[PDB]
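A.B. asks: let me see the structure of the following:
(chains A, B, C and D, ligands or ions: 8)
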Number of protein chains: 4
Amino acid sequence: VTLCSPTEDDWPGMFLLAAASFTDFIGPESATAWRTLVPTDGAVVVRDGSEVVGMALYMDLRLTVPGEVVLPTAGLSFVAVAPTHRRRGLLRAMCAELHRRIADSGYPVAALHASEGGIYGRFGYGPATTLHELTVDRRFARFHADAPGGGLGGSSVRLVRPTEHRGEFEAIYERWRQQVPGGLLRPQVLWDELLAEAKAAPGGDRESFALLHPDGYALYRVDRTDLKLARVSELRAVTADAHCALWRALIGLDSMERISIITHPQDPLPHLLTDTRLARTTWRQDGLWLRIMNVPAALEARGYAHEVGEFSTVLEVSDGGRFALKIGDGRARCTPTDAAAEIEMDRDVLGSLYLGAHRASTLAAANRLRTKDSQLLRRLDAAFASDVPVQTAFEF
Amino acid sequence: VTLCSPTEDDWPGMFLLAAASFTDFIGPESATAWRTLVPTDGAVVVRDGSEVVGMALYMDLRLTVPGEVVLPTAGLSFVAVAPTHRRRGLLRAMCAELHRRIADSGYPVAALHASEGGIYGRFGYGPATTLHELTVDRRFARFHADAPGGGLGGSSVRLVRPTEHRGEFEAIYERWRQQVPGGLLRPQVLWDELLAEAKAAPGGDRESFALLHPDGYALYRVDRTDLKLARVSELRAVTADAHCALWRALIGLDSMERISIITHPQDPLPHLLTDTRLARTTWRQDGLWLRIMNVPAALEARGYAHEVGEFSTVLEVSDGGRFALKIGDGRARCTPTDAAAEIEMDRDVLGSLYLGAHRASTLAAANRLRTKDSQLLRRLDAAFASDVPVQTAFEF
Amino acid sequence: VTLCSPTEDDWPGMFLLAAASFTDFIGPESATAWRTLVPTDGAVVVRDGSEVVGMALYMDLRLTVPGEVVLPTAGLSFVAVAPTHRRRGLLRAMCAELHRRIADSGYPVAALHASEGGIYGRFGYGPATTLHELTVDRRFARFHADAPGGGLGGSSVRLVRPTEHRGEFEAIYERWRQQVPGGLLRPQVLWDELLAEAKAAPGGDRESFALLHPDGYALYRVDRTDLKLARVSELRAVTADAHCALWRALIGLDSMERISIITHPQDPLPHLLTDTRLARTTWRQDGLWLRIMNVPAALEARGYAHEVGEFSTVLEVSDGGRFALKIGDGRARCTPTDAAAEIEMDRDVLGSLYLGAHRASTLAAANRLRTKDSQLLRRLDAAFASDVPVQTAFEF
Amino acid sequence: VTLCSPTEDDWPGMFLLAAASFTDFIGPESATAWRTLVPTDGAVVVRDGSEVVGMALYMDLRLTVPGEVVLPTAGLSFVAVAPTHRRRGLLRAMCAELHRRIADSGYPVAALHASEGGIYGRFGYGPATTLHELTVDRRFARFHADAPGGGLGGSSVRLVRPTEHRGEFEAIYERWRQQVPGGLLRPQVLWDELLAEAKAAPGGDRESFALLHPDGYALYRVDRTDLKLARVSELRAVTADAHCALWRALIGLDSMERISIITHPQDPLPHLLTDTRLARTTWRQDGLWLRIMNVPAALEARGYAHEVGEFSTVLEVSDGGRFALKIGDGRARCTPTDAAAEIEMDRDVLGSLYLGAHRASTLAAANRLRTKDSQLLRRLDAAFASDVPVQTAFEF
Ligand SMILES: CN(c1ccc2ccccc2c1)S(=O)(=O)c1ccc2[nH]c(=O)c(=O)[nH]c2c1
Ligand SMILES: CN(c1ccc2ccccc2c1)S(=O)(=O)c1ccc2[nH]c(=O)c(=O)[nH]c2c1
Ligand SMILES: CN(c1ccc2ccccc2c1)S(=O)(=O)c1ccc2[nH]c(=O)c(=O)[nH]c2c1
Ligand SMILES: CN(c1ccc2ccccc2c1)S(=O)(=O)c1ccc2[nH]c(=O)c(=O)[nH]c2c1
Ligand SMILES: [N+]
Ligand SMILES: [N+]
Ligand SMILES: [N+]
Ligand SMILES: [N+]
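C.D. replies: Numbers count the residues shown, from 1 in each chain, chains lettered A, B, ... in the order given. Ligands and ions are numbered 1, 2, ... in the order given. Now the structure:
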């Protein structure tokens, strides 16, 4: 059992392991396209002394963080251990090797989507965004008097074929991702795959349609089996107006009973209706997971709330360093120190605070975050909070 | 159709309407006890010219709000219109009369739990707390290395009969409610009813048990039909230690597959586990609804975040007044003004901001809250936020 | 294995067989009351040579038939063969003995409700009324502009306790049953049992409520398990106004999602709504079964449609006689003849035509009814039709 | 927002709206075929000032009505409003324009199938046929002694491939539709589509088979997911013999548990069995909707029951005219008059009476039909009744 960068000949064996490991495997041709997002020496495989029994790689991503700052980000994916080689520490070995390479390459953070919630905490990843499924019973949905775009004249939203308005979706998304924490640059090969999935599949998914506003879009399809359910695969709106207009159109799907979407906890849709309860939270789960590779670089790179006054403290990350942290004017200064720690946390906890999705208070209550001073807690809470709500861009 | 305060002879007719209107009706003897919480002239009925076709009342409550300040609160309940007298504006008439009496009596706020989410917005009530159901698959639940109370020696939690430790529950709850936004004083007659419901019912609910810590308790029962589900009716913990200890005991219910609880969005339980995902959010709904009766009294009474600096603005409440609002040192000054409004919102929106459960940013995105200045939004967001997470005390 | 009229000592053995045979067995005290409806020598039992292994009886009933004519009717019930004595022809023996006694006593017809649809055809019983379950999704239900009782002022319907308005229900029902084909006199002991069942049962049915109009009533209860379903046990309306008023009140049960009722195929409720489809037919089954004991007496006793002109024919009932049938002025003359048959049918088929619930055309298409002349078919169809729709009074 | 007849260039936009609006959309090539049934100027579209946001058309159909009389009929279909343009009265505008064109073209009636039951009443359409789903548990089904085709020798029914016996199905159907109220001429392009749908679909419907008698056929397929359910898509029988023979063959599908069919309320199948209850009514819904465009032409065109004697009255249709109606010898005379109305009803109600599917008595009980004379009601009931049961030909 050796650990190497894969050669061209290794990939058919990797695709086999992929097919066996992932029920939503996109298949060899799509997989061959996604390869273009993997840097040279961005992949590891494990051979048995030879077929492939383990694999992992990272992609070059650009993650938006609070203060509209864009970080180079190593996005872990295509992780699999053969069912024949469990409990041999192959994952620990592969993750260690990639983290070495990611760190040495100069990525401040790494990110992944977790198949299970129990795996990636021990490797320093913390869940940093939250997915919220809303299901609307649209037959009772009435917009509030206060809701935008409820006037006379025409609608600014059009029903269109996805494939004929790629450029407009690309442009809207590009604006969206640059201004939202959790935003990722979506490269060309992922747009190719998105509009491929919008096509009807013989014995699979139904045809997708688009609702297009100057400052927003929504892609939706009727569900395979539940023919009174419309599934919004993606809604991206840059203005509140666009967001309201798109939801007026979706509630206008008079042949559906229910509209479902995977969104974020601060989605304003409930507040657009006279009955907030009509937008039911059906499902909730961790989205993007974050590992802070370089604590000072990451902490210094993001913006902080201007509201909290200037304050200083000492943060110790377990087996990750100890730093004098000074925050003010929504910027941070983070420098080495041997002064006594005021705040203590594992690396994963930091990942979870970083995009402002979790309150320090809350993690402290679980004792994932230690401090003897509760004024400091309030200050961290306020400083690390994001004024733009954190969202999840896309699974990778 | 007249509107009067009920006489003693009206109550049997009110109980009939109650029985017909509410599937969880506690019944005449329990109802006769709850009457003791209704002040003289706290009830209205509508007779048909004579049986009772409409009723509503309020109870005298004490609501804890941010800054550990306790407000006299009119709690609306026992609201019903006979199915024979719908669409006659009997609710509008009853609500108007009670709001007159509540205001004139000097209550700064009124509160209710809503049967439907579409009714009470138009009468100035906004949803002010959020209920979160967590269901834990306890067969996989492992506590984190960092979680309190995972050491050698004995457990500080005891399994007990609820009826034999009323005093200890009363004392813990009393401490809890005084330090948590959303806390309500629970009077003696409600404790009587809580420990009555802890008893096994022939063909009904099963026997309830208690887990008791010096600084917390939990009441739980196995579900009627799902015999692998334990339902935590109530968990109240004053320290993080107590909260963790109680959850160690509940995960120790080795004959159950799942533990469910109705809690709040900031419950730290997910973070006590190695797999946060094991604590699934199964259900989410509005809890306590709040109507600000006197805007300046209410705004001046609660505390605000010390973190945000001093700032001033002008708030207009629709058909509710316009005020110079000055906030600093976590106190507010709220005085009449005819100066131009900087912030605009209906009375209900204010109710929803008041306990810090909803962000001003979020309501602004839905246009329930208007301002042309986004710096003011951030400032309101931070000021109205509660450092202690807002919770829901009990249904009334 | 002998066949006798039961003595007082036989009844405890009959109650045992009842308990074992009928899951809805009303129990010994209720059963002892219903005994008062059984005439002397109205019961048979079969003993094993001695415990009871078979039983059957009839009750003295009064059945309304078209033309508002009331027939003495033998109502078969309490029929059971022990599971130890199947396929011994005990039912054939008991039915034969009772039919002998019923015929000799001078009943023109006998009637029953069938546990299964495959049993009673061979003993000359045909299904003569049809049960229709309507389930209304009351959240969308809007009454038509044309529907009665949608004006200003007050409602004439009251919500009441069933037990306090027995007299008014008795009176309304008495009017109802005398003017509707399928109507049965409900004796005092059945009213006692109806208002006993309206009471809440520990671990059983919930409390029943009543909607009372001068010319109609409805008894309803919320379902045991589905707490958003109201079950209308009984609705009896003498005028269209009463029927519409009662349905306005039932749709006014704003806490329910669905209202269900067992009614008849010609119930006008669908036509009271703007969306007829909201009143869904969820279930449909044979109601009352009829055996014509004396063909000429029965045919001569009921009224016929005045619309069809005078016509004459010869009807042969298989092993039941052949008759010259002359119909005109909505009366029939039925006399012995040896003239050639024009119409042929088994006795059961006649039962099914008798109250006008089945068309002769339809039974002819199945060849249950033979004739070489289709003009005669049309004439029978029209003559046997009832202008008042046939309904089902109550199970016995 | 303008309203025009579509040009060739409009149709790709209409197909897009179709795809988005109808989950069972037959697709562009099938849709292009059905276009051949639309007359010149039989279609309207609404453009936004330009993509298509509204459309509606009618097809030229031939409807059989009581007395085996065949009426030219405008069949409304392909009706859709974009979800972006709800509540702009686009449907009201389109329906008005088409009704103008239909009336001026000289159609006595128009017809449609309704997606929802709440829409088309206000445009003068009434539901005129009833769909009945019967599900038979064929494992218990035994034919009655009286049922045809239960003798020795061979069976006259053959199992065949649908595509190889098109001619025989066409011929049987042509005979069927000419003798049944609700019958529609099925043009060649609809036969092409029927036998296309009889083919197995990759990941869709299974292969269809046919049972063929000289005077009847049945097309059936096993259900996609429930492999013990056979779905009879279509059964057309011209003689009772054919109908019984076909059902003997279907009950002979020994590998199925249940056979389901969408039929009519007077289907004799229940009466062919020893247990009528085995043929369960699982589902019931409005079929064909009818709008009487020209009251006197329509009323004069159909036949009436010969059984009822000659009678005269005055019918007022709301905003539709007032007529002296004289009925006798199963013909009607309908002429203008200003004499006082004896009968009053909206146009939709007339549609519902026209094919004899609804009794006048029943609509009167709901007050959809007004008269102060109940003898007239009985007379209308009998006159408008159809001796051949009304059926539904096919969805359009
Ligand atoms: C989406 N896919 C990607 C993702 C990144 C890739 C990078 C290079 C080459 C191919 C790539 C394919 S993929 O191959 O279907 C894929 C991958 C990992 C997965 N992990 C899971 O736990 C799961 O449930 N489904 C997964 C699907
Ligand atoms: C809990 N109950 C109270 C509450 C307050 C009371 C005050 C005075 C006298 C009796 C009282 C009884 S109660 O009577 O079962 C009750 C009341 C209102 C309800 N409203 C609802 O929408 C519902 O679903 N269930 C309800 C149950
Ligand atoms: C309703 N009941 C009657 C009916 C008639 C009686 C006459 C004399 C004494 C007692 C009587 C009790 S009863 O005893 O629960 C009863 C009877 C027959 C039944 N047959 C069935 O197939 C069934 O499912 N449930 C039945 C229930
Ligand atoms: C059956 N189809 C027809 C019907 C008539 C047509 C006339 C000209 C051109 C194409 C045509 C297509 S169609 O295009 O799939 C179609 C149409 C309307 C529908 N309305 C509904 O409410 C629904 O649920 N499904 C529908 C399906
Ligand atoms: N941000
Ligand atoms: N607080
Ligand atoms: N009758
Ligand atoms: N006919």
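
A.B. asks: from chain C, how far off is the residue nearest to residue A:6 when sequence neighbours are not counted?
C.D. replies: Leaving aside its sequence neighbours, residue A:6 sits nearest to residue A:45 (Cβ to Cβ, 6 or more residues apart in numbering or on different chains; 4.4 Å). In this view, the C-beta of every residue, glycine as well, is placed from N, C-alpha and C. According to Cβ to the nearest Cβ, to the nearest Å, residue A:45 stands 55 Å off from chain C.

A.B. asks: so residue A:45 is in which element?
C.D. replies: Here residue A:45 sits within strand A:43-47, counting by DSSP states H and E.

A.B. asks: tell me the contacts of the closest residue to chain B within the stretch 151-300 of chain A?
C.D. replies: Closest residue of the stretch 151-300 of chain A to chain B, Cβ to the nearest Cβ: residue A:277 (3.0 Å). The contact partners of residue A:277, by Cβ atoms under 8 Å, 6 or more residues apart in numbering or on different chains, come to A:270, B:116, B:117, B:118, B:285, B:286.

A.B. asks: confirm that the fourth one sits in a helix.
C.D. replies: This means residue B:118. No. Read with DSSP: H, G, I helix; E, B strand; the rest coil, residue B:118 is coil and lies in no helix.

A.B. asks: hmm, it is touching residue A:274, no?
C.D. replies: Yes. Using Cβ atoms under 8 Å as the test, residue B:118 is close enough to residue A:274 to be in contact (5.6 Å).

A.B. asks: now the contacts of residue A:277: which count as buried?
C.D. replies: A:270, B:117, B:118, B:285, B:286 (16 or more other Cβ atoms under 10 Å in any protein chain shown).

A.B. asks: quick one: residue A:143 from chain C, how far?
C.D. replies: According to Cβ to the nearest Cβ, residue A:143 and chain C sit 19 Å apart.

A.B. asks: setting aside sequence neighbours, what's the nearest residue to residue A:203?
C.D. replies: That would be residue D:203: by Cβ to Cβ, 6+ apart, it lies 1.6 Å from residue A:203.

A.B. asks: and that neighbour, which of the three is it?
C.D. replies: What three-state DSSP gives for residue D:203 is coil.

A.B. asks: how about stretch A:283-298: buried residues?
C.D. replies: Within stretch A:283-298, the residues that count as buried by 16+ other Cβ under 10 Å are A:284-296, A:298.

A.B. asks: dump the residues you listed into CSV; add secondary structure and distance to residue C:11 as well.
C.D. replies: Formatted as CSV, the buried residues of stretch A:283-298 follow (DSSP: H, G, I helix; E, B strand; the rest coil; distance: Cβ to Cβ, whole Å):
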residue, secondary structure, distance to residue C:11
A:284, strand, 62
A:285, strand, 65
A:286, strand, 69
A:287, coil, 71
A:288, strand, 76
A:289, strand, 75
A:290, strand, 79
A:291, strand, 81
A:292, strand, 84
A:293, coil, 88
A:294, coil, 91
A:295, helix, 88
A:296, helix, 93
A:298, helix, 88
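
A.B. asks: what subset of those residues is also close to ligand 3?
C.D. replies: Restricting these to those near ligand 3 by Cβ under 6 Å from any ligand atom leaves nothing, as none qualifies.

A.B. asks: closest to ligand 8 among those?
C.D. replies: Nearest to ligand 8, judged by Cβ to the nearest ligand atom, of the buried residues of stretch A:283-298 is residue A:284 at 60.8 Å.

A.B. asks: skip the chain neighbours and tell me the closest residue to the closest one.
C.D. replies: residue B:281 (3.9 Å).

A.B. asks: what parts of chain A come near chain C?
C.D. replies: A:139, A:140 (Cβ under 8 Å from any Cβ of the partner chain).

A.B. asks: biggest helix in chain A by residues?
C.D. replies: helix A:90-105 (DSSP state H).

A.B. asks: alpha carbons of that helix, as PDB, please.
C.D. replies: This file holds the C-alpha atoms of helix A:90-105, laid out as PDB (Å, rounded to 0.1, in the frame of the first residue of the first chain):
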ATOM      1  CA  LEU A  90      -6.000   5.200   4.100                       C
ATOM      2  CA  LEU A  91      -8.100   8.400   4.600                       C
ATOM      3  CA  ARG A  92      -5.800   9.700   7.400                       C
ATOM      4  CA  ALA A  93      -2.800   9.100   5.100                       C
ATOM      5  CA  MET A  94      -4.400  10.700   2.000                       C
ATOM      6  CA  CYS A  95      -5.700  13.800   3.900                       C
ATOM      7  CA  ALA A  96      -2.300  14.300   5.600                       C
ATOM      8  CA  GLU A  97      -0.500  14.200   2.300                       C
ATOM      9  CA  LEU A  98      -2.900  16.600   0.600                       C
ATOM     10  CA  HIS A  99      -2.900  19.100   3.500                       C
ATOM     11  CA  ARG A 100       0.900  19.100   3.300                       C
ATOM     12  CA  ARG A 101       0.700  20.000  -0.400                       C
ATOM     13  CA  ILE A 102      -2.200  22.500   0.100                       C
ATOM     14  CA  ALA A 103      -0.300  24.300   2.900                       C
ATOM     15  CA  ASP A 104       3.100  24.300   0.900                       C
ATOM     16  CA  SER A 105       1.200  25.600  -2.200                       C
END
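
A.B. asks: fine by me, we can end here.
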